[PDB]
Amino acid sequence: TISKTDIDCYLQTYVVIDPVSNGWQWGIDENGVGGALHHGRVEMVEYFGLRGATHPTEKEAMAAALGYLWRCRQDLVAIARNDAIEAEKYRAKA
Amino acid sequence: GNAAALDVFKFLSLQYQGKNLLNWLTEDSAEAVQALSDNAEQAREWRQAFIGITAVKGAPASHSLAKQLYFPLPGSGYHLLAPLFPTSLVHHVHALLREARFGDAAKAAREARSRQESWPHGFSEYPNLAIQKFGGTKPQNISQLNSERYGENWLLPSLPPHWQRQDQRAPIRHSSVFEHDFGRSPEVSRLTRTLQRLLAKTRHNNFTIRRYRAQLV
Amino acid sequence: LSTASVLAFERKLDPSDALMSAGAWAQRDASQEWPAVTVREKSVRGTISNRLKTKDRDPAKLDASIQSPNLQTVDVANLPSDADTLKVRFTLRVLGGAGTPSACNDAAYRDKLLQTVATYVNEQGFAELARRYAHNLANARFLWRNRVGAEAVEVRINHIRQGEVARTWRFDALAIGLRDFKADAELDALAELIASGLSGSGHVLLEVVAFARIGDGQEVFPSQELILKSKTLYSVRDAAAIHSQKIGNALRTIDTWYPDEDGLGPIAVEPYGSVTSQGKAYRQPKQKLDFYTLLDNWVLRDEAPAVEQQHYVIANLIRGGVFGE
Amino acid sequence: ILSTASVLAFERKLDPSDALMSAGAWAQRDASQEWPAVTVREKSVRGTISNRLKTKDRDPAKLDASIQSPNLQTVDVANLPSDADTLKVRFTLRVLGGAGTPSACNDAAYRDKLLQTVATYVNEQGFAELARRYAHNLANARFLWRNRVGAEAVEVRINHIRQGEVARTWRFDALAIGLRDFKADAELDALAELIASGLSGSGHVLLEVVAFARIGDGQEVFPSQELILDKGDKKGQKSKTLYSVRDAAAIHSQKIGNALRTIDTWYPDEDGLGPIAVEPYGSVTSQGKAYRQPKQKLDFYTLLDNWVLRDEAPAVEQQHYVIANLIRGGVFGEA
DNA sequence: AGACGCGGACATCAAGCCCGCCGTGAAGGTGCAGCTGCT
DNA sequence: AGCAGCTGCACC
């Protein structure tokens, strides 16, 4: 009974949403931390930059990032599902 | 202890209104005749046999395969310094790390971020954890807490900053090296993008943000 | 006496990744500087040729069969337009020591297995297996889809003794069929050399080249990569190649003894002998003719099967793998 | 219950090559082995704004100032030389055989049922119809697609390559033969019998097809264009890219193969408007319509699961169509 | 030796596949009852 | 005819 939003809880941390001069670009984060300074590493597409369209609203860019994650990178979805099973097993415990 | 004997601890930890007053059952009054509903002698005998063996030592030892390492004293001399594994502390740290991710508050505050909202609070991630599994196939030999957290040492990273950053290249192609292959370096990008994030902000609390802006350069 | 929990067998008959080049016929002798066939990524525009699903059969969403150029991108390897001959080159090492495992937990089972394999090699030498391997070399079954319409296929095998040639065989792959094991003098000499390598009386590293005369500009087929685009051809150092496991599967098609109607043709040597591309697994474990039942009857219970089953068991030991509990 | 296979794959017969394009002069057709190649070159044109503009959210001031000023575009082109009135396209074609044997199956029951059905087809009627239509598409230069729209004289020359030299020659006038009619000729029937012997498994057929089209001095010849997928669809930096292999313009091999498969003269719509190519749900996507829709029971899949499973054969034209679909080859299979 | 120009522009369209599968073997301590070699 | 070591075994 694991819905797509339960997997999307733990899949979201592999994306980053940067406001740029025109709009809200998005990119994919490898370490799953939101693309931070010290611990993370965000992949840059080849011009160098984020692999994302310049969506006006942040919900649009977030949905584009998460749909591209569900569509192309299935190992990240597998990690998110392996986290999402234990996310309700922990509620089944306490 | 012995793995066949852990049913006794499972009987002691049978939470009839608390397992602290039953495993260390020093303050029982009605439980005595419940242990033996035939007499009062063997009831007290079984009570002493259960609560007395849970604080006993024997002799100090370290059976030639544990660690014991010298420590240099100030003037001269050494202490032998045999360490131990702190399973209550490794339980408590692992429980905090399990509460910060798989809990109810993290599940609530991640759904808000999937939808770009506000909510009462935030959450954390704990990256680069490592697993060290003590029991091979049956963890009951080591500890009961090693069975509740099967394997699962859940260690935290003490790495250098540049550890997973091996790359060997020479900029023979491009003329200018600051614009190209410097921003293309893996670590500089998250400095520069955070500097673009910090060079457009409020200047009211300048005493911390100017220090962060200087250290980031 | 029981079967070991760990039993590991190392691969004999190890081939290399077979590399592809292109040129003209009647330059087979000086075919050293031939240019390598390059994989090119192209984009094609097709239609919808798949059967429609339960969701895509709606009235407003029936346009998929109507308006869909389907916009795919694939990899393609072709010959140059003034070249009609494709050259496939690989090296084949045959080792020896066919029945000695590399890992075991019970040495009584190991001594029993060594006694059984020595009993085989004393009675039945490596005469049939080496003949079948040499016939799978002599016709270009290593050229899998590259042989199916070629006007003239010629294979050439050299013996690399020190660094250079010691013996040359020049076989016509179209005279030697793909479904019968006939006899020839040079094929028997190659079988004697392969049997001498497999028994342990020498070191055999052969150079196998194969020319398939496809025609000018035609499509040659290298190995397609498995991805765990949807079409990625295989290439090492910008030159299209076939995998070594496909070449080794081409020389492992020696099994004309199985429990099915074996008037069809030879299959590859597998435990529960399986052609997964045809969806049927011969040598099923229900009939007592797979590798595990014959191996546990020959070693444990001293119940020797028929000589063809012994040939299949020794061939499965040459292939190697993980056998055990 | 004899369901169909989940994985099903049929290989391709009639595999062509890329058509190489070269330039020359008519009556020098026979000595065309040293002819110079036609090259793709770039040109930067300046056009005016001639298109339908999105006037919903744009102001008319910017729209007017747009459609006054020009626009600049970089577009590839290929023309004939100024002393050359003849294009030559050259390709090779193999006709293999092995019509109904699948290269991938999950069930041997469906495989032997399909092999029996196809062998019944070939034993009752030979490879005489399909090879006649393929010889029609060879002898008329439908291979020359838009380079034969207004050409003055088109001539096709077919050579049978035996080992390394010619064994049989045909010479055809591509405009004498139509694009819609299927007629009866002597040399057309001899070429069709050679293609029939190729598709029967009774020999190896390798042909060299050249076509000379008399267009004119300095006019434009049309090789194939290219799909720039997810690499040039950002802002329109490059308009048109023509296909050329090595400093010589070329036609795609699947375009020549689509010119060879244009034999489907049987479909439940009006089949008198012209032959189309053999596809499952026979589709002309550039014409925006899908003949042989799966609603009416006349596609490839309903015909094949009626024929092999349920032993009910369609008409002779429809099983000719499904055998042409097996000659083309593809991926079939129910999940 | 002192200089190498300004002005305007750079299109809009429709699409992006299917199917089957994903190896196993070994990686355990603690303490007790009975057998066996030794005396 | 009585001890100390070893091995198989029971249980979680």
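What follows is calculated from the coordinates using simple rules that are stated; it is not laboratory data. Cβ sites come from the backbone with ideal geometry, for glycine too, and all protein chains shown count toward neighbours.
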In nm², the average projected area of the convex hull spanned by the Cα atoms of the range C:138-225 is 7.7
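Give me the Kirkwood hydrodynamic radius of the range D:1-111, using the inverse of the mean 1/r over all pairs of distinct Cα atoms, in Å to one decimal.
About 20.7 Å, per the Kirkwood formula over Cα pairs.
Over its Cα atoms, what ratio of radius of gyration to 2.2 N^0.38 Å does the range C:113-271 give?
In units of the 2.2 N^0.38 Å rule of thumb, it is 1.16.
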q = 0.19, 0.25, 0.27, 0.34 Å⁻¹: log10 I(q)/I(0) that the Debye formula gives for the range D:152-191, counting C-alpha atoms only: -0.65, -0.92, -0.99, -1.20
Quick P(r) readout (the protein assembly as shown; Cα-Cα; 20 Å bins; whole %) gives 9, 28, 34, 21, 7, 1, 0
What trypsin sites (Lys or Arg not before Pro) in the range D:106-159 are in a loop by DSSP, with at most 12 other Cβ atoms within 10 Å of the Cβ? D:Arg146
DSSP-loop trypsin sites (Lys or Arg not before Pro) across the range B:48-100, with at most 11 other Cβ within 10 angstrom: B:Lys57, B:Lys67
Of A:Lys4/A:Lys59; C:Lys229/D:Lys240; D:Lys54/D:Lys235; A:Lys4/C:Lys229, pairs whose Cα-Cα distance is over 21 Å: C:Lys229/D:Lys240; A:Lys4/C:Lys229
Can you count the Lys pairs in chain B with C-alpha separation below 26 Å, eight or more apart or on different chains? 10
Which value at 222 nm does chain D reach when only helices count, each DSSP H run of 4 or more adding -39,500 (n - 2.57), with the total divided by all residues and rounded to the nearest 500 deg cm²/dmol? -7000 deg cm²/dmol
Note: the range D:85-172, point scatterers on Cα, Debye, no solvent; log10 I/I(0) at q = 0.25 Å⁻¹ equals -1.28
With the calculation restricted to Cα positions, what are the radius of gyration and Dmax of the range D:262-324 in angstrom? 11.4, 36
Taking the Cα atoms of chain C alone, what are Rg (to one decimal) and Dmax (as a whole number) in Å? 23.1, 75
Sites matching chymotrypsin sites (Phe, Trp or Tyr not before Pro) across the range B:1-49 that sit in DSSP coil, with at most 15 neighbouring C-beta atoms within 10 Å: B:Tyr16, B:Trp24
Taking placed amide H atoms and a strict 5 Å upper bound, the residues 5 or more places from D:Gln225 or on another chain that come that close are D:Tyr243
Taking D:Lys297 as the anchor, which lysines have their alpha carbon closer than 24 Å to its alpha carbon, excluding any fewer than eight residues away along the same chain? C:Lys53, C:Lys55, C:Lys61, D:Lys113, D:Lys289
Determine the shielding of peptide D:280-286 by partner chains: average, over its residues, the number of Cβ atoms on other chains within 10 angstrom of each Cβ. 6
If you wrap the range B:113-217's Cα atoms in a convex hull and average its projection over all directions, what's the area in nm²? 13.4
Considering the convex hull of the alpha carbon atoms of the range B:1-99, report its projected area averaged over all viewing directions, in nm², one decimal. 11.3
Using the Kirkwood formula on alpha carbons, the hydrodynamic radius of the range B:173-217 in angstrom works out to 12.0
Test of understanding: in a Gaussian network model of chain D with alpha carbons linked when under 10 Å, which of D:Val308, D:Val316, D:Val156 would top the mean-square fluctuation ranking? D:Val316
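If you take every residue apart from D:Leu20 with its C-beta less than 13 Å away from the C-beta of D:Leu20, what net charge results, scoring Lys and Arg +1 and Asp and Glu -1?
Overall, the nearby charge balance is -2.
Enter the per residue convex hull volume of chain A, computed from alpha-carbon coordinates, in Å³ rounded to the nearest integer.
Cα convex hull per residue, to the nearest whole number: 113 Å³.
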The range D:41-70 to the range D:194-258: how many Å between their Cα centroids? 33
